[PDB]
Amino acid sequence: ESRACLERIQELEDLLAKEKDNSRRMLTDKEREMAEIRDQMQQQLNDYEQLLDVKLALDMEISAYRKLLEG
Amino acid sequence: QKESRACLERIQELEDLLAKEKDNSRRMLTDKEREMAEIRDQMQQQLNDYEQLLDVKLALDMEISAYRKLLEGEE
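The record names X-ray crystallography as the way this model was obtained, at a resolution of 2.399 Å.

Looking at the PDB entry, one finds chain B named Lamin-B1, with Homo sapiens as its source organism. According to the PDB record, the title of this entry is "Crystal Structure of Human Lamin-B1 Coil 2 Segment".

For chain A, the PDB entry supplies the name Lamin-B1 and the organism Homo sapiens.

Following this line, the structure appears as structure tokens:
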């Protein structure tokens, strides 16, 4: 084959290997971002469930106070 | 100036493979990105709810304060 053809084939083989490496890196990183945000969201869901519990415990305190007033 | 058919067939193949890799990559990134914006959206929701419920809580504390004062005896 001609020398100019071999160089172009070689160059494209490189760019394809380079590109497959870029895909692996960009995917790894976007999964890493994904795991950070889904954990952030889990912590938020937990803050809300803890707040719901504090709220539910005050409902019961309210009841005990009503029992003292309305008894 | 000519090149071989086999060579051209091989350059074109690689050029196609390279553009497809770029395509595959763009659309996997796009699917991540749309799933992340969908998630940052549920986090916006969850936070508005939290603030809403914090308000219920703050109002229960005021009611508790008022019952403690109302029941309070002298001396």
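Caption draft 1: Molecular detail of unusual backbone geometry. A positive phi angle, close to 50°, is found at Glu75 of chain B, a residue other than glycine. Looking at the element boundaries, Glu75 of chain B is found in the segment after α1 (5–71).

Caption draft 2: Local environment of the nonpolar core. Counting eight residues, the largest nonpolar core consists of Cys5, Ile9, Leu12 and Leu16 of chain A together with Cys7, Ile11, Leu14 and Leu18 of chain B. For this core, the elements supplying multiple residues, two or more each, are α1 (3–69) of chain A together with α1 of chain B. Residues contacting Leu12 of chain A, with those up to four places away along its chain left out, are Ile11, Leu14, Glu15 and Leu18 of chain B.

Caption draft 3: Looking closely at a nonpolar patch on the surface. On the surface, a cluster of nonpolar side chains totalling about 360 Å² of accessible area is made up of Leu68 and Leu69 of chain A together with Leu70 and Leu71 of chain B. Listing elements by their share of the nonpolar patch, those giving two or more residues are α1 of chain A together with α1 of chain B. In this structure, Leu68 of chain A sits in helix α1.

Calculation notes
- Note that residue numbers begin from 1 in each chain and follow the written sequence, not necessarily the entry's scheme, while residues that lack coordinates are absent from the view.
- As a convention, the first chain written is A and the first ligand written is 1, with the rest following in written order.
- In computing side-chain properties, one takes all heavy atoms of the structure into account and sets aside hydrogens as well as water.
- Residues with missing side-chain atoms are left out of burial classes, side-chain pairs and their counts.
- Working definition: helices are DSSP H or I runs of at least four residues, strands are E runs of at least two. Numbering for both runs from the N terminus.
- Definition used in this section: a nonpolar core is a set of buried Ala, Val, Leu, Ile, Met, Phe, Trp, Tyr and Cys residues joined via side-chain atoms within 4.5 Å.
- Whether a residue is buried, partly exposed or exposed follows from its accessible area with a 1.4 Å probe, protein chains only, as a fraction of its type maximum: under 20%, in between, or over 50%, in that order.
- We call two residues in contact whenever any of their non-hydrogen atoms come within 4.5 Å of each other.
- Patch membership needs two things, relative accessible area over 30% and no salt bridge, and members are linked within 9 Å if like-charged or within 5 Å if nonpolar (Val, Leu, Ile, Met, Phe, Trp, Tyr).
- Only the protein chains shown count as covering a residue, and every accessible area follows the Shrake-Rupley method with a 1.4 Å probe.
- Salt bridges are counted wherever a side-chain nitrogen of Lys or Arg sits within 4 Å of a carboxyl oxygen of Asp or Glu.

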